[PDB]
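Data first, discussion second: the structure below is written as structure tokens.
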Amino acid sequence: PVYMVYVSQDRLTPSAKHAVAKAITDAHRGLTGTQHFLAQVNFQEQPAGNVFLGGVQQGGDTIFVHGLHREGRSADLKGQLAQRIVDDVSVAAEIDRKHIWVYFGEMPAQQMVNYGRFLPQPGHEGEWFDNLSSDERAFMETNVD
Amino acid sequence: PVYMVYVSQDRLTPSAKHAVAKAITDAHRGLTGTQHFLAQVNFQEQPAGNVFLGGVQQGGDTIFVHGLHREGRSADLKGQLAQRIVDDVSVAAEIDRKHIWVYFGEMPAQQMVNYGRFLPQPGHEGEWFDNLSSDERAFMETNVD
Amino acid sequence: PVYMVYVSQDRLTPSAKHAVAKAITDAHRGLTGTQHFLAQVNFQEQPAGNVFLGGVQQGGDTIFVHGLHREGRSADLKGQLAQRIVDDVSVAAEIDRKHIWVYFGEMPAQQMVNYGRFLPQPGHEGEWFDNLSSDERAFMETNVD
């Protein structure tokens with residue numbers, strides 16, 4: 001996946017970011033079986049005060065996670081995945097769950113690419129990896145924590 | 001909703017950003033009936049020259065509103081709301097309508113989280129607010145302008 | 001279309017950004033027939049190290065392109081468009097393809113707005129353009145490279 005994580009500048013240190021990225025990568029990997037290296041977590045920082053709720057300028061605690069997935073998973077699974085992102089990001093970032101927003105968007109995997117290659121179905125995988133080139137697998141492999 | 005508003009650095013003063021978040025919120029509240037505090041407006045500033053139109057580097061006037069919505073509203077209502085954002089952001093930003101881009105993407109409510117709580121179906125916002133705990137209600141209410 | 005291009009700060013020179021913008025814009029025009037000026041490319045820069053892959057902090061080479069399209073085109077055409085973006089952005093940015101991530105999200109053209117006006121369906125740009133007002137046509141024509 002790609003997780004776009006919109007946060008305010010400075011609210012997360014480099015170690016909070018890694019912590020926030022590990023909590024999200026673990027949830028997605030744990031609940032969908034997708035391998036570690038296929039989860040991209042992309043932090044988008046903006047100055048505090050660029051977030052408004054009900055037209056009221058916010059401080060710098062709001063966290064919005066926009067997850068871009070392949071279609072084909074159940075509402076159950078997606079429900080569990082989002083709840084675990086709320087819980088586990090709350091822990092990692094040391095924020096109150098009342099600051100955490102999470103939207104999952106789904107596209108067909110036919111029109112999705114990571115590492116220059118078209119993704120599998122969630123009902124494939126493994127064999128998509130083993131069908132990649134060895135230099136391709138190798139570069140992917142350096143991306144596991 | 002979550003409205004990501006892509007503007008150029010310093011195109012919108014702090015005062016201009018507040019009036020724009022206010023316009024967007026008031027349009028979405030007035031046309032869908034969701035409470036103000038559920039309306040998030042997240043400004044994404046980037047230096048001028050990061051927008052290209054047909055390969056022509058642009059100055060800092062272009063505004064892209066990306067609206068993230070729950071599924072279930074008519075094409076009619078979505079039409080009216082998009083037009084009202086164009087007009088109302090134009091006044092609030094004092095910007096000709098020709099610079100304004102607005103896209104609405106929709107996702108099932110069951111995979112969408114708001115203040116750490118899953119959203120109801122559209123039209124069911126009052127029963128879902130009443131169901132919230134007292135501290136959660138009070139906290140949301142602070143976010144109303 | 002709107003192409004949000006996520007890259008680390010200073011990874012792209014101002015001329016490489018033009019070349020990536022041109023590469024995407026000519027890909028989209030070539031295969032969809034949409035006029036040059038309807039292609040928006042919006043660079044979203046972040047400091048290097050805000051991207052994680054499998055929990056591993058990255059340098060500034062990763063490029064994620066999130067294309068936002070109208071519904072109505074075939075899986076096959078979107079496959080060719082995605083592959084072409086990978087190939088030609090690779091060239092224009094001097095970045096190996098394996099750093100490049102491409103996702104296409106689709107929406108009904110009835111809830112999408114370019115230059116203050118609603119898009120037509122994916123067959124009817126010419127007649128849509130011809131029926132615009134003469135100042136709008138003139139403004140759109142300026143954004144062609």
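Chain lettering (A, B, ...) mirrors the order of the structure tokens, residue numbering begins at 1 for each chain separately, and ligand numbering begins at 1 in order of display.
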
Test item: chain A residues at most 9 Å from chain B, counting only C-alpha atoms, as a compact mmCIF listing (two decimals) with C-alpha atoms, in the first residue's frame:
```
# COMPACT_ATOMS: atom_id res chain seq x y z
CA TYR A 6 -0.74 14.23 6.84
CA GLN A 44 3.20 14.95 4.35
CA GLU A 45 4.17 17.73 6.74
CA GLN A 46 2.60 21.18 6.67
CA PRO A 47 2.89 24.03 9.18
CA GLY A 49 -2.52 25.91 11.56
CA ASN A 50 -2.99 24.56 8.02
CA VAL A 51 -5.64 22.18 9.41
CA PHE A 52 -9.15 23.52 10.08
CA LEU A 53 -11.97 21.60 11.76
CA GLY A 54 -15.42 23.13 11.38
CA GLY A 55 -13.59 26.20 10.10
CA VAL A 56 -11.50 26.50 13.30
CA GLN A 57 -7.71 26.61 12.98
CA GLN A 58 -6.12 23.60 14.71
CA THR A 62 -4.41 16.25 13.84
CA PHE A 64 -5.02 12.11 8.76
CA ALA A 75 -15.66 -4.64 4.91
CA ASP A 76 -14.80 -6.70 8.01
CA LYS A 78 -11.01 -3.08 6.23
CA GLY A 79 -12.89 -2.29 9.43
CA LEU A 81 -7.41 -2.67 9.61
CA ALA A 82 -8.58 0.90 10.18
CA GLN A 83 -9.32 0.35 13.89
CA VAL A 86 -6.20 4.21 14.94
CA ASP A 87 -5.08 2.25 18.03
CA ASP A 96 -5.24 10.93 21.57
CA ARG A 97 -7.38 8.82 19.21
CA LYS A 98 -9.67 11.88 18.90
CA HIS A 99 -7.00 13.40 16.63
CA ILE A 100 -6.79 10.45 14.21
CA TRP A 101 -8.67 10.32 10.91
CA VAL A 102 -8.38 7.36 8.51
CA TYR A 103 -9.79 7.03 4.98
CA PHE A 104 -9.24 3.86 2.93
CA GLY A 105 -9.58 4.28 -0.84
CA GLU A 106 -9.61 1.31 -3.22
```

Output chain A as a short mmCIF file (atom, residue, chain, number, x, y, z; two decimals) with N, CA and C atoms, in the first residue's frame, after least-squares fitting it to chain C on all in-order C-alpha pairs.
```
data_model
loop_
_atom_site.label_atom_id
_atom_site.label_comp_id
_atom_site.auth_asym_id
_atom_site.auth_seq_id
_atom_site.Cartn_x
_atom_site.Cartn_y
_atom_site.Cartn_z
N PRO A 1 -6.45 15.79 -16.53
CA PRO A 1 -6.20 15.13 -15.25
C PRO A 1 -5.46 15.99 -14.23
N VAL A 2 -5.47 15.51 -12.99
CA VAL A 2 -4.57 15.97 -11.95
C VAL A 2 -3.65 14.81 -11.61
N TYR A 3 -2.34 15.03 -11.78
CA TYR A 3 -1.31 14.11 -11.30
C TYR A 3 -0.64 14.73 -10.08
N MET A 4 -0.82 14.10 -8.93
CA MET A 4 -0.09 14.45 -7.72
C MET A 4 1.20 13.65 -7.68
N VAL A 5 2.33 14.33 -7.72
CA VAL A 5 3.64 13.70 -7.88
C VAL A 5 4.44 13.97 -6.62
N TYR A 6 4.53 12.97 -5.75
CA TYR A 6 5.16 13.10 -4.44
C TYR A 6 6.64 12.79 -4.56
N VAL A 7 7.48 13.80 -4.33
CA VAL A 7 8.92 13.63 -4.44
C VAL A 7 9.58 14.33 -3.27
N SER A 8 10.85 14.00 -3.06
CA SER A 8 11.62 14.62 -2.00
C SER A 8 12.18 15.96 -2.47
N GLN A 9 12.25 16.92 -1.54
CA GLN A 9 12.90 18.20 -1.83
C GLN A 9 14.26 18.01 -2.48
N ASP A 10 14.50 18.77 -3.55
CA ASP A 10 15.79 18.93 -4.22
C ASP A 10 16.06 17.82 -5.24
N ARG A 11 15.46 16.64 -5.07
CA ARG A 11 15.73 15.54 -6.00
C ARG A 11 15.47 15.93 -7.45
N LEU A 12 14.53 16.84 -7.69
CA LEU A 12 14.27 17.33 -9.03
C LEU A 12 14.53 18.83 -9.06
N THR A 13 15.35 19.25 -10.01
CA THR A 13 15.56 20.65 -10.30
C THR A 13 14.35 21.19 -11.07
N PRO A 14 14.22 22.52 -11.18
CA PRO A 14 13.16 23.07 -12.03
C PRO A 14 13.12 22.50 -13.44
N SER A 15 14.26 22.11 -14.00
CA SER A 15 14.23 21.52 -15.33
C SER A 15 13.88 20.03 -15.30
N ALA A 16 14.23 19.31 -14.23
CA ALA A 16 13.73 17.94 -14.12
C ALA A 16 12.21 17.93 -13.93
N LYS A 17 11.68 18.89 -13.16
CA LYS A 17 10.24 18.96 -12.94
C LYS A 17 9.49 19.17 -14.25
N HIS A 18 9.87 20.21 -15.00
CA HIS A 18 9.30 20.43 -16.32
C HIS A 18 9.43 19.19 -17.19
N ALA A 19 10.60 18.54 -17.18
CA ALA A 19 10.78 17.30 -17.92
C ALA A 19 9.82 16.22 -17.42
N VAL A 20 9.65 16.10 -16.11
CA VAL A 20 8.76 15.08 -15.56
C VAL A 20 7.30 15.40 -15.89
N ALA A 21 6.95 16.70 -15.90
CA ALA A 21 5.59 17.12 -16.26
C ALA A 21 5.30 16.94 -17.75
N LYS A 22 6.30 17.13 -18.61
CA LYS A 22 6.06 16.95 -20.03
C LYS A 22 5.88 15.47 -20.37
N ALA A 23 6.65 14.59 -19.72
CA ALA A 23 6.53 13.16 -19.98
C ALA A 23 5.15 12.64 -19.59
N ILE A 24 4.59 13.17 -18.49
CA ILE A 24 3.28 12.73 -18.02
C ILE A 24 2.17 13.34 -18.88
N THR A 25 2.29 14.62 -19.20
CA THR A 25 1.28 15.27 -20.04
C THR A 25 1.23 14.66 -21.44
N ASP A 26 2.39 14.28 -21.98
CA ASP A 26 2.45 13.66 -23.30
C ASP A 26 1.82 12.27 -23.30
N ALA A 27 2.08 11.49 -22.25
CA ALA A 27 1.50 10.16 -22.17
C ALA A 27 -0.02 10.24 -22.09
N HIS A 28 -0.54 11.07 -21.18
CA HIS A 28 -1.98 11.17 -21.01
C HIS A 28 -2.65 11.70 -22.28
N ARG A 29 -2.09 12.77 -22.84
CA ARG A 29 -2.62 13.34 -24.07
C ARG A 29 -2.53 12.33 -25.21
N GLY A 30 -1.36 11.70 -25.37
CA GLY A 30 -1.19 10.74 -26.44
C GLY A 30 -2.13 9.55 -26.33
N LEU A 31 -2.32 9.04 -25.12
CA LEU A 31 -3.08 7.80 -25.02
C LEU A 31 -4.58 8.01 -24.79
N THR A 32 -5.01 9.21 -24.39
CA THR A 32 -6.43 9.47 -24.15
C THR A 32 -7.03 10.53 -25.07
N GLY A 33 -6.22 11.30 -25.79
CA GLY A 33 -6.74 12.35 -26.65
C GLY A 33 -7.14 13.62 -25.94
N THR A 34 -7.10 13.65 -24.60
CA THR A 34 -7.35 14.89 -23.87
C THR A 34 -6.33 15.95 -24.27
N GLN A 35 -6.81 17.17 -24.44
CA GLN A 35 -5.97 18.26 -24.92
C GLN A 35 -4.94 18.66 -23.85
N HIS A 36 -3.77 19.08 -24.33
CA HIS A 36 -2.64 19.48 -23.49
C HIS A 36 -3.04 20.20 -22.20
N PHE A 37 -3.82 21.28 -22.32
CA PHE A 37 -4.05 22.18 -21.19
C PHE A 37 -4.89 21.58 -20.07
N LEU A 38 -5.52 20.43 -20.29
CA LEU A 38 -6.37 19.83 -19.26
C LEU A 38 -5.59 18.94 -18.30
N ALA A 39 -4.29 18.76 -18.53
CA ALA A 39 -3.46 17.91 -17.68
C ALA A 39 -2.72 18.78 -16.67
N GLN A 40 -3.11 18.67 -15.40
CA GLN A 40 -2.42 19.34 -14.31
C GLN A 40 -1.44 18.38 -13.65
N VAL A 41 -0.18 18.79 -13.55
CA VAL A 41 0.84 18.02 -12.83
C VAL A 41 1.29 18.85 -11.64
N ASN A 42 1.09 18.30 -10.44
CA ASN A 42 1.25 19.03 -9.19
C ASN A 42 2.31 18.32 -8.35
N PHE A 43 3.46 18.95 -8.18
CA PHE A 43 4.54 18.35 -7.41
C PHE A 43 4.34 18.64 -5.92
N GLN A 44 4.45 17.58 -5.12
CA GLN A 44 4.38 17.68 -3.67
C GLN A 44 5.74 17.26 -3.14
N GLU A 45 6.50 18.22 -2.66
CA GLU A 45 7.84 17.98 -2.14
C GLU A 45 7.79 17.91 -0.62
N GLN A 46 8.54 16.97 -0.08
CA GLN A 46 8.68 16.76 1.35
C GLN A 46 10.14 16.44 1.59
N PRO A 47 10.66 16.68 2.80
CA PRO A 47 12.08 16.39 3.04
C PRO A 47 12.39 14.90 2.91
N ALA A 48 13.60 14.62 2.43
CA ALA A 48 14.08 13.25 2.34
C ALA A 48 14.02 12.59 3.70
N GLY A 49 13.60 11.32 3.72
CA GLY A 49 13.36 10.63 4.97
C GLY A 49 11.92 10.62 5.43
N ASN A 50 11.04 11.36 4.76
CA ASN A 50 9.61 11.29 5.05
C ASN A 50 8.92 10.12 4.35
N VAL A 51 9.66 9.37 3.53
CA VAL A 51 9.13 8.17 2.89
C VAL A 51 9.73 6.95 3.58
N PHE A 52 8.86 6.01 3.95
CA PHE A 52 9.25 4.74 4.55
C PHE A 52 8.72 3.59 3.70
N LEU A 53 9.58 2.62 3.40
CA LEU A 53 9.16 1.39 2.74
C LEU A 53 9.41 0.25 3.70
N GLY A 54 8.37 -0.56 3.94
CA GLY A 54 8.46 -1.62 4.93
C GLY A 54 8.91 -1.12 6.29
N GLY A 55 8.62 0.15 6.60
CA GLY A 55 9.06 0.74 7.84
C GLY A 55 10.50 1.19 7.86
N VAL A 56 11.17 1.24 6.71
CA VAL A 56 12.57 1.65 6.60
C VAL A 56 12.62 3.03 5.96
N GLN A 57 13.20 4.00 6.67
CA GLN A 57 13.41 5.32 6.09
C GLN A 57 14.13 5.25 4.75
N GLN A 58 13.61 5.97 3.76
CA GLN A 58 14.19 6.03 2.43
C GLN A 58 15.08 7.26 2.26
N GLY A 59 15.91 7.22 1.22
CA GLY A 59 16.58 8.41 0.73
C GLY A 59 15.58 9.26 -0.02
N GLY A 60 16.01 9.96 -1.06
CA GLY A 60 15.09 10.88 -1.69
C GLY A 60 14.77 10.59 -3.14
N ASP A 61 14.73 9.30 -3.51
CA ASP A 61 14.52 8.86 -4.88
C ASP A 61 13.11 8.38 -5.15
N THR A 62 12.36 7.99 -4.12
CA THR A 62 11.03 7.44 -4.34
C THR A 62 10.16 8.47 -5.03
N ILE A 63 9.44 8.02 -6.05
CA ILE A 63 8.50 8.86 -6.78
C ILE A 63 7.16 8.16 -6.77
N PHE A 64 6.14 8.84 -6.27
CA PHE A 64 4.79 8.29 -6.24
C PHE A 64 3.90 9.22 -7.05
N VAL A 65 3.28 8.67 -8.09
CA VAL A 65 2.37 9.41 -8.96
C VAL A 65 0.96 8.92 -8.67
N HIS A 66 0.12 9.81 -8.14
CA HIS A 66 -1.30 9.52 -7.91
C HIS A 66 -2.10 10.25 -8.99
N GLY A 67 -2.63 9.52 -9.94
CA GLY A 67 -3.39 10.10 -11.04
C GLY A 67 -4.87 10.01 -10.77
N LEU A 68 -5.55 11.15 -10.89
CA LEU A 68 -6.98 11.23 -10.64
C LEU A 68 -7.69 11.46 -11.97
N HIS A 69 -8.44 10.45 -12.42
CA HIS A 69 -9.05 10.42 -13.74
C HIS A 69 -10.56 10.40 -13.65
N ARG A 70 -11.19 10.70 -14.78
CA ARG A 70 -12.59 10.37 -14.98
C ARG A 70 -12.72 8.88 -15.23
N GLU A 71 -13.83 8.30 -14.79
CA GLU A 71 -14.06 6.92 -15.16
C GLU A 71 -14.53 6.83 -16.60
N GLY A 72 -14.50 5.61 -17.14
CA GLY A 72 -14.91 5.36 -18.50
C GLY A 72 -13.82 4.86 -19.44
N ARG A 73 -12.57 4.70 -19.02
CA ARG A 73 -11.58 4.07 -19.88
C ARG A 73 -11.36 2.61 -19.50
N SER A 74 -10.84 1.86 -20.47
CA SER A 74 -10.60 0.45 -20.35
C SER A 74 -9.38 0.17 -19.48
N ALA A 75 -9.34 -1.07 -18.96
CA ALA A 75 -8.16 -1.55 -18.24
C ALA A 75 -6.94 -1.61 -19.13
N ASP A 76 -7.10 -2.03 -20.39
CA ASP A 76 -6.02 -1.91 -21.38
C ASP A 76 -5.40 -0.52 -21.41
N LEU A 77 -6.22 0.48 -21.72
CA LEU A 77 -5.72 1.85 -21.84
C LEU A 77 -5.00 2.28 -20.56
N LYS A 78 -5.67 2.11 -19.42
CA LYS A 78 -5.07 2.49 -18.16
C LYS A 78 -3.78 1.73 -17.93
N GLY A 79 -3.72 0.47 -18.35
CA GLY A 79 -2.50 -0.30 -18.20
C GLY A 79 -1.36 0.29 -19.01
N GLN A 80 -1.64 0.61 -20.28
CA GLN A 80 -0.66 1.27 -21.14
C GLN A 80 -0.27 2.64 -20.59
N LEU A 81 -1.25 3.42 -20.14
CA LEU A 81 -0.94 4.76 -19.65
C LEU A 81 0.02 4.71 -18.46
N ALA A 82 -0.22 3.80 -17.53
CA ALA A 82 0.63 3.71 -16.35
C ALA A 82 2.03 3.24 -16.72
N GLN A 83 2.13 2.23 -17.59
CA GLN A 83 3.45 1.73 -18.01
C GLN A 83 4.26 2.82 -18.69
N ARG A 84 3.60 3.64 -19.52
CA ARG A 84 4.29 4.75 -20.16
C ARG A 84 4.68 5.83 -19.16
N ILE A 85 3.89 6.03 -18.10
CA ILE A 85 4.32 6.99 -17.08
C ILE A 85 5.56 6.46 -16.36
N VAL A 86 5.58 5.17 -16.04
CA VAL A 86 6.77 4.58 -15.43
C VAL A 86 7.98 4.77 -16.34
N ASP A 87 7.90 4.31 -17.59
CA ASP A 87 9.02 4.46 -18.52
C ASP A 87 9.44 5.92 -18.66
N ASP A 88 8.48 6.78 -19.02
CA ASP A 88 8.82 8.14 -19.42
C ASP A 88 9.24 9.02 -18.24
N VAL A 89 8.72 8.76 -17.03
CA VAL A 89 9.21 9.47 -15.84
C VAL A 89 10.61 8.98 -15.45
N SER A 90 10.85 7.67 -15.58
CA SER A 90 12.19 7.13 -15.37
C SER A 90 13.22 7.89 -16.21
N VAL A 91 12.94 8.05 -17.51
CA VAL A 91 13.79 8.83 -18.40
C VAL A 91 13.90 10.27 -17.92
N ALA A 92 12.76 10.97 -17.83
CA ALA A 92 12.79 12.40 -17.51
C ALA A 92 13.52 12.67 -16.21
N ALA A 93 13.19 11.93 -15.16
CA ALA A 93 13.78 12.22 -13.87
C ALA A 93 15.13 11.56 -13.68
N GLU A 94 15.54 10.69 -14.61
CA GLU A 94 16.81 9.98 -14.53
C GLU A 94 16.86 9.05 -13.32
N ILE A 95 15.72 8.41 -13.00
CA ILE A 95 15.57 7.51 -11.85
C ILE A 95 15.35 6.08 -12.34
N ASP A 96 15.79 5.12 -11.53
CA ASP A 96 15.48 3.71 -11.76
C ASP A 96 13.99 3.41 -11.55
N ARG A 97 13.39 2.70 -12.51
CA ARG A 97 11.97 2.35 -12.46
C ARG A 97 11.57 1.70 -11.15
N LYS A 98 12.52 1.12 -10.42
CA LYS A 98 12.25 0.51 -9.12
C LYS A 98 11.88 1.53 -8.06
N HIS A 99 12.04 2.83 -8.35
CA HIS A 99 11.63 3.88 -7.44
C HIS A 99 10.23 4.43 -7.73
N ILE A 100 9.58 4.00 -8.81
CA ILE A 100 8.41 4.69 -9.33
C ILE A 100 7.15 3.90 -9.00
N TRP A 101 6.24 4.55 -8.28
CA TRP A 101 4.93 4.02 -7.94
C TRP A 101 3.89 4.85 -8.65
N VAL A 102 2.81 4.21 -9.12
CA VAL A 102 1.76 4.90 -9.87
C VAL A 102 0.41 4.29 -9.52
N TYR A 103 -0.48 5.10 -8.94
CA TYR A 103 -1.86 4.73 -8.68
C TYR A 103 -2.78 5.63 -9.50
N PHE A 104 -3.66 5.01 -10.29
CA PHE A 104 -4.74 5.72 -10.97
C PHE A 104 -6.02 5.57 -10.16
N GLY A 105 -6.63 6.69 -9.79
CA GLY A 105 -7.97 6.69 -9.20
C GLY A 105 -8.98 7.32 -10.16
N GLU A 106 -10.19 6.78 -10.17
CA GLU A 106 -11.23 7.26 -11.09
C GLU A 106 -12.46 7.74 -10.33
N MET A 107 -12.97 8.90 -10.73
CA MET A 107 -14.24 9.44 -10.27
C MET A 107 -15.15 9.69 -11.46
N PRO A 108 -16.46 9.79 -11.24
CA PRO A 108 -17.36 10.26 -12.30
C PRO A 108 -17.08 11.71 -12.66
N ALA A 109 -17.02 11.99 -13.97
CA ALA A 109 -16.74 13.34 -14.45
C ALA A 109 -17.80 14.36 -14.03
N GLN A 110 -19.01 13.92 -13.69
CA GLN A 110 -20.04 14.81 -13.16
C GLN A 110 -19.59 15.54 -11.89
N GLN A 111 -18.64 14.97 -11.16
CA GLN A 111 -18.23 15.52 -9.88
C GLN A 111 -16.78 15.98 -9.92
N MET A 112 -16.32 16.39 -11.11
CA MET A 112 -14.95 16.83 -11.36
C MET A 112 -14.98 18.17 -12.09
N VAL A 113 -14.07 19.07 -11.73
CA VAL A 113 -14.04 20.43 -12.26
C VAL A 113 -12.60 20.80 -12.59
N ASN A 114 -12.38 21.36 -13.79
CA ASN A 114 -11.14 22.08 -14.06
C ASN A 114 -11.46 23.39 -14.76
N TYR A 115 -10.67 24.42 -14.42
CA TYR A 115 -10.89 25.79 -14.89
C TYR A 115 -12.27 26.31 -14.51
N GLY A 116 -12.77 25.89 -13.35
CA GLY A 116 -14.07 26.33 -12.89
C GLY A 116 -15.24 25.69 -13.60
N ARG A 117 -15.01 24.68 -14.44
CA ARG A 117 -16.05 24.10 -15.27
C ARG A 117 -16.05 22.59 -15.14
N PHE A 118 -17.25 22.00 -15.23
CA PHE A 118 -17.37 20.55 -15.14
C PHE A 118 -16.82 19.90 -16.41
N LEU A 119 -16.12 18.79 -16.22
CA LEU A 119 -15.41 18.15 -17.31
C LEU A 119 -16.42 17.46 -18.23
N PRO A 120 -15.98 17.03 -19.43
CA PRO A 120 -16.83 16.14 -20.25
C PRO A 120 -16.62 14.67 -19.92
N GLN A 121 -17.36 13.79 -20.56
CA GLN A 121 -16.97 12.41 -20.62
C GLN A 121 -15.75 12.28 -21.51
N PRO A 122 -14.92 11.25 -21.30
CA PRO A 122 -13.92 10.92 -22.34
C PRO A 122 -14.54 10.61 -23.70
N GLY A 123 -15.80 10.15 -23.73
CA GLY A 123 -16.65 9.98 -24.90
C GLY A 123 -17.36 11.23 -25.41
N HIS A 124 -17.06 12.39 -24.82
CA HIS A 124 -17.31 13.67 -25.45
C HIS A 124 -15.96 14.34 -25.71
N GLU A 125 -15.87 15.65 -25.42
CA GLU A 125 -14.70 16.51 -25.57
C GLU A 125 -14.71 17.17 -26.95
N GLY A 126 -13.74 18.04 -27.21
CA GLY A 126 -13.77 18.85 -28.41
C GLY A 126 -14.94 19.81 -28.36
N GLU A 127 -16.15 19.26 -28.44
CA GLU A 127 -17.38 20.05 -28.33
C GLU A 127 -17.59 20.62 -26.94
N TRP A 128 -16.98 20.04 -25.90
CA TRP A 128 -16.98 20.72 -24.61
C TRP A 128 -16.11 21.96 -24.67
N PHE A 129 -14.93 21.84 -25.28
CA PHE A 129 -14.04 22.97 -25.46
C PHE A 129 -14.72 24.07 -26.28
N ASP A 130 -15.19 23.71 -27.48
CA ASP A 130 -15.82 24.70 -28.35
C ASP A 130 -17.09 25.29 -27.75
N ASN A 131 -17.67 24.64 -26.74
CA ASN A 131 -18.80 25.21 -26.02
C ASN A 131 -18.39 26.15 -24.90
N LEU A 132 -17.10 26.26 -24.60
CA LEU A 132 -16.66 27.20 -23.57
C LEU A 132 -16.66 28.62 -24.12
N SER A 133 -16.58 29.59 -23.22
CA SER A 133 -16.52 30.97 -23.68
C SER A 133 -15.14 31.28 -24.27
N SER A 134 -15.08 32.33 -25.08
CA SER A 134 -13.84 32.62 -25.81
C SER A 134 -12.74 33.09 -24.87
N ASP A 135 -13.08 33.88 -23.84
CA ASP A 135 -12.09 34.19 -22.82
C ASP A 135 -11.67 32.94 -22.08
N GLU A 136 -12.58 31.98 -21.98
CA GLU A 136 -12.31 30.74 -21.27
C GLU A 136 -11.33 29.89 -22.08
N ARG A 137 -11.63 29.68 -23.37
CA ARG A 137 -10.72 28.96 -24.25
C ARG A 137 -9.36 29.64 -24.29
N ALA A 138 -9.35 30.98 -24.33
CA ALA A 138 -8.10 31.73 -24.47
C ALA A 138 -7.16 31.48 -23.30
N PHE A 139 -7.69 31.54 -22.07
CA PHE A 139 -6.85 31.28 -20.90
C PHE A 139 -6.33 29.85 -20.91
N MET A 140 -7.18 28.90 -21.30
CA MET A 140 -6.76 27.51 -21.45
C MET A 140 -5.64 27.37 -22.48
N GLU A 141 -5.71 28.17 -23.55
CA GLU A 141 -4.80 28.01 -24.68
C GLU A 141 -3.38 28.39 -24.31
N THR A 142 -3.20 29.36 -23.40
CA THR A 142 -1.84 29.73 -23.00
C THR A 142 -1.12 28.61 -22.26
N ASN A 143 -1.77 27.46 -22.07
CA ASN A 143 -1.21 26.38 -21.28
C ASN A 143 -0.92 25.17 -22.15
N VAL A 144 -0.11 25.35 -23.18
CA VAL A 144 0.30 24.27 -24.08
C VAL A 144 1.81 24.36 -24.28
N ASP A 145 2.49 23.22 -24.17
CA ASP A 145 3.93 23.17 -24.37
C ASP A 145 4.29 22.23 -25.52
#
```

**Prompt:** Using the chain letters and numbers from this document, which residues of chain B does DSSP assign to alpha helix (DSSP H), as a PyMOL selection string?
**Reply:** chain B and resi 14-32+75-93+125-130+134-141

**Request:** Return as a PyMOL selection string the full set of residues in chain A whose backbone-based DSSP assignment is strand (DSSP E or B).
**Result:** chain A and resi 2-8+40-46+51-53+56-57+63-70+100-107+112-114+117-118
